[PDB]
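Okay, so here's just one chain, in structure tokens, the form deposited without the named molecule.
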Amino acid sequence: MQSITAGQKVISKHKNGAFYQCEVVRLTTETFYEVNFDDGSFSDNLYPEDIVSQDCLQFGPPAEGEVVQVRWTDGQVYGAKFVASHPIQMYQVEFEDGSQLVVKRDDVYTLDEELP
């Protein structure tokens, strides 16, 4: 719904798992890449740096369908095919203790709204 802007106090979950008031420090776009691995499983939220067959931070995404190699969550490298680049607007928030998270719009609540 309603837009959240930088400098707004909002309520979001801290890394400890509870909601606290925090402040939006900045709005950022995070670019996620989506790939089909060679076993046919699909990932929708690789980061550009996880493509280890090409330097996508420098040269941008692979071509759609291009064969790539990916460094995965288990630290190993696997073969894949590039599907798409998916930029998402996100919100960098900071809590009173100084910790920060980058979170999605649905994870941020305004002061007036009920929390689950």
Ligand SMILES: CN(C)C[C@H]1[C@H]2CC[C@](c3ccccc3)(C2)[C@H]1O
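All residue numbers are counted from 1 along the displayed sequence.
Only in words, not in the display: the form solved in complex with the named molecule, which the text now covers.
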item	value
Stretch from 26-34, 56-64, 85-93, 71-79 whose residues place a heavy atom within 4.5 Å of the named molecule in the entry with it bound	71-79
Residue contact check: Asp38 to the named molecule in the entry with it bound, 4.5 Å heavy atom	yes
Contact of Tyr47 with the named molecule in the entry with it bound (heavy atom, 4.5 Å)	no
